[PDB]
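A lone chain, given as structure tokens: the form deposited in one PDB entry.
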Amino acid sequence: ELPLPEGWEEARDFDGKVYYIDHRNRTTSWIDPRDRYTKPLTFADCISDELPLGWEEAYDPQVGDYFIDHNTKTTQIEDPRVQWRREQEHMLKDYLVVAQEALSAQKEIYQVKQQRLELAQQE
């Protein structure tokens, strides 16, 4: 419920799709000029359902729901919020594996130090 920045006009397509008119710069964009200030800038900053700036959900009667990335002028069927999710899941899993490996290497060192200490007692 935040107003449009001055010089901006909301408008519609022949198809009814909303877009925005910048009268100061005399240009048009698919991106609501308020998105700057209200939306997450990255998938990381996303909460809940949110899509980051420049992204949009769309429906196609043949193929179903998909995603539009205005930042790179591309489209995809796979949910970008879910690809990001999994990705961060995969990073954590592999990190705990590296951590377990480092810790286990240190376990070997101490056990070896321990045997060598005992061998010195014998001798």
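Position 1 is the first residue in the sequence shown; the rest follow in order. We call the rigid core the largest set of C-alpha positions that still match within 1.5 Å between the two forms.
There is another form of this protein, the form deposited in another entry, and it is not shown here; the text below is about that form.
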{"item": "From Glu101, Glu10, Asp13, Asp22, residue displaced between this form and the one not shown - CA threshold 2 Å or more, rigid core", "value": "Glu101"}
{"item": "After fitting the core, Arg34 CA displacement of 2 Å or more between this form and the one not shown", "value": "no"}
{"item": "Core-aligned C-alpha movement of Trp84 between this form and the one not shown, 2 Å or more", "value": "yes"}
